[PDB]
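This is what each chain is made of:
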Amino acid sequence: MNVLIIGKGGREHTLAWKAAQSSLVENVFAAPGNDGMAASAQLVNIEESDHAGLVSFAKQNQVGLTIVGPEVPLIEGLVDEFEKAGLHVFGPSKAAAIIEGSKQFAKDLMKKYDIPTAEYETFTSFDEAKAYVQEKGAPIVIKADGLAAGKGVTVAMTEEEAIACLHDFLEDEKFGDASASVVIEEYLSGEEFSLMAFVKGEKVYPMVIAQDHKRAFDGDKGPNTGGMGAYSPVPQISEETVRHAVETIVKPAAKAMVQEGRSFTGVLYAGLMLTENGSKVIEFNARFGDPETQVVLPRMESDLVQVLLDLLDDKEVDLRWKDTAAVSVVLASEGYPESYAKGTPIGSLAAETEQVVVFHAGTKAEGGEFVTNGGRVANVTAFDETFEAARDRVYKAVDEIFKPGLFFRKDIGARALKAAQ
Ligand SMILES: Nc1ncnc2c1ncn2[C@@H]1O[C@H](COP(=O)(O)OP(=O)(O)O)[C@@H](O)[C@H]1O
Ligand SMILES: [Mg+2]
Ligand SMILES: [Mg+2]
Ligand SMILES: [Mg+2]
């Protein structure tokens, strides 16, 4: 079988990495992919907005299974297109991807279907939003409805902070139609973790959970990021905690989507907040998370390709997970999240430490080496029998392949490790 992974970041590398270990697969294509990915996936110069060249390529090159990595193509219906071409593909329809694409939709669905989440309202009028902020007071969370790039959530500690954001979103339309509408919801606290699951209709197959550092600098201070590293398992969250969110959140969400003419096949991502009231939904994503995938896929014992195939056909799925833990650290470019440097030489990026994989997020091959090719560059990930073992090993390799121009956090998984004792 030929498999087509789509996307260009660290998640897609892990996908190409895992698919390549599969015994069913003759060829793995990544489109576009990136240059660190090349031992795993024959790259393909079709960009991922290129739904037509992707469909055309896959149709003509006998792709038996396409996996779609990023959410925009899904939100914009790349899946529907492949199915029109008769192509076998893993991911949600444009109708299903709405569960991530419109946060209003997901807030409303959870409400309608009694799924635990922050209390909220959604606004299209700035005046009415502001009056609601002034009624509820701060803390309060201001969320753009549509994608907005990850940089469209503001946790406001003051009403002035909230009203400012409502001004950017609604009066200035910072994010266009993405911010044409706004979710305002209650501030929740606690441990945040990712619960991803393989979903098709009402069938849910949970994956092991992960946790990431969304914040730029150590001690979790600084602007937000797209992930500065993560790890799995999450020791300080019980096994019953997870089994419970699967039954009261994830399966109900899957079933809810079916019963709204929006049946969901793909990866459903529940980012969850374990509050003093129990687990609550911060948000759904409609695909593998980044960088959650880099620490979650390697722990899967099963063949992913076999797994997806049994899911798409409607057969018994045999999903087995490894006991080993994995921990991953992001090497980011100086300036990130804000304006960052492109072109920095960072060497071979290939550690000597064993039981390590560097998944490339932003990198180009140039000069026999790698240049920085993005805000977040690499995902030094390591595996081991227990958390802190793997945690110690990552930073070993972190300290091997590190080159000037990159930074990172030294405290990944540290707070979890402590609070786990
Ligand atoms: N209600 C909330 N209470 C506390 N923190 C929140 C809330 N909503 C979001 N956050 C924080 O903001 C981040 C981004 O919000 P999220 O809803 O997950 O949207 P995005 O798709 O942009 O990631 C989260 O990962 C979490 O750390
Ligand atoms: Mg998130
Ligand atoms: Mg999201
Ligand atoms: Mg079989």
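Within every chain, residues carry numbers counted from 1 in written sequence order, not necessarily those of the entry, while residues missing coordinates are excluded from display. For naming, the first written chain is A and the first written ligand is 1, with later ones following in the order written. Water and hydrogen atoms play no part in the side-chain values, which are based on all heavy atoms of the structure. Residues with missing side-chain atoms are left out of burial classes, side-chain pairs and their counts.

S.K.: Got a minute to help me understand the overall build of the chain in this structure?
M.R.: Per the convention used, a helix needs a DSSP run of H or I reaching at least four residues, while a strand needs a run of E reaching at least two, with both numbered from the N terminus. Helix and strand content of the chain: 13 helices and 24 strands. Here the globule rule reads 2.2 Å times residues to the power 0.38, and the radius of gyration is calculated from C-alpha atoms. Its C-alpha atoms give the chain a radius of gyration of 21 Å, within 12% of the compact-globule value 22 Å for 421 residues. Considered along the principal axes of its C-alpha atoms, the chain spans approximately 60 × 50 × 40 Å. Residue contacts are counted whenever heavy atoms from the two residues lie within 4.5 Å of one another. Taking all contacts inside the chain whose residues are at least 6 apart in sequence as the whole, residues at least 24 apart take part in 68%.

S.K.: What exactly am I supposed to notice about the side chain of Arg287 here?
M.R.: Here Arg287 lies in the loop between strand 17 (278-285) and helix 10 (292-296). Throughout this description, buried means an accessible area under 20% of the type-specific maximum (1.4 Å probe, protein chains only), exposed means over 50%, and partly exposed covers the range between. Overall, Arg287 belongs to the buried group, its relative accessible area being 9%. Looking at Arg287, its side chain comes within polar contact range of the side chain of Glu100, at 2.6 Å. Residue contacts for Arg287: discarding those within four places in its chain leaves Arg11, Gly69, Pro70, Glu71, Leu74, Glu100, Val267 and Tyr269. Two N or O atoms form a polar contact when they lie within 3.5 Å of each other; inside protein one atom must be a possible hydrogen donor and the other a possible acceptor, and for residues adjacent in sequence the pair counts only when both atoms belong to side chains.

S.K.: It is not clear to me how the domain arrangement of the chain should be interpreted in this structure. Could you clarify?
M.R.: You'll often see interface size given as the accessible area lost when the parts meet. Boundaries of every domain are those given by an automatic assignment or by a domain database. The domains assigned to the chain are domain 1 (1-93), domain 2 (119-188), domain 3 (189-324) and domain 4 (325-421). Its C-alpha centre places domain 2 at a distance of 26 Å from the equivalent point of domain 3. Regarding the contact of domain 2 and domain 3, the summed buried area is about 390 Å², with carbon and sulfur atoms giving 56% of it. Two parts placed together each lose some accessible area under a 1.4 Å probe, and the buried area is that loss summed for both. When the buried surface of domain 2 facing domain 3 is broken down by residue, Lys143, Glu185 and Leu188 rank first, second and third, together holding 85% of it. Each salt bridge in this description consists of a side-chain nitrogen of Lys or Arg and a carboxyl oxygen of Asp or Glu lying within 4 Å of one another. Taken together, domain 2 and domain 3 are joined by zero salt bridges. Joining domain 2 to domain 3, the criterion identifies one residue pair in polar contact. Amino acid classes used here: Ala, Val, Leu, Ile, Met, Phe, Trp, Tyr, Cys and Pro are nonpolar; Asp, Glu, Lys and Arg are charged; the rest, including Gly, are polar. Here the side of domain 2 that touches domain 3 is composed, by residue class, of two nonpolar, no polar and three charged.

S.K.: What exactly am I supposed to notice about the site of ligand 1 here?
M.R.: Being near a molecule or strand, for a residue, comes down to having at least one heavy atom within 4 Å of it. Lining the immediate surroundings of ligand 1 are 14 residues, of which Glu185, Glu186, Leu188, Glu192 and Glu283 lie closest. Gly150 is positioned such that a nitrogen or oxygen atom in its backbone is 3.4 Å from an oxygen atom of ligand 1. A distance of 2.8 Å separates an oxygen atom of ligand 1 from a polar side-chain atom of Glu283. Note on areas: Shrake-Rupley, 1.4 Å probe, and residue coverage restricted to the protein chains presented here. For ligand 1, the accessible surface in isolation is 540 Å², of which the surrounding protein chains cover 86%. Going through the elements one at a time, strand 7 (140-144) and strand 17 are the ones with two or more residues in the shell around ligand 1.

S.K.: Could you clarify how one ought to interpret the UniProt feature "domain: ATP-grasp" in the chain in this entry?
M.R.: UniProt positions are given in the numbering used here, feature names are shortened, and annotations may be inferred rather than shown by experiment. This chain's UniProt record puts "domain: ATP-grasp" on residues 107-313. For the annotated span residues 107-313, helix accounts for 31% and strand for 30% of the residues, and the straight-line distance between the end C-alpha atoms is 31 Å.

S.K.: Looking at this model, I keep getting lost on empty space enclosed by the protein. Mind explaining?
M.R.: If a probe as big as a water molecule is rolled over the atoms, it shows which places are left empty. Looking at the largest cavity, its volume works out to about 60 Å³. Considering the residues around the largest cavity, the lining is formed by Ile99, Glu100, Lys103, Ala106, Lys107, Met110, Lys143, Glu185, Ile282, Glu283 and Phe284. Only helix 5 (98-101), helix 6 (103-112) and strand 17 provide two or more residues apiece to the lining of the largest cavity. With four residues, helix 6 is the single largest residue contributor to the lining of the largest cavity. For the lining of the largest cavity, the class distribution of residues is five nonpolar, no polar and six charged. Site definitions follow a grid-based scheme: protein atoms alone, a 1 Å grid, a 1.4 Å probe that fits but cannot get out for cavities, and for pockets an open set with protein on both sides within 12 Å along at least five of seven lines, plus lining residues having an atom within 4 Å of a point. Grid points are joined across faces, edges and corners, and a volume is the space filled by probe spheres set on the points.

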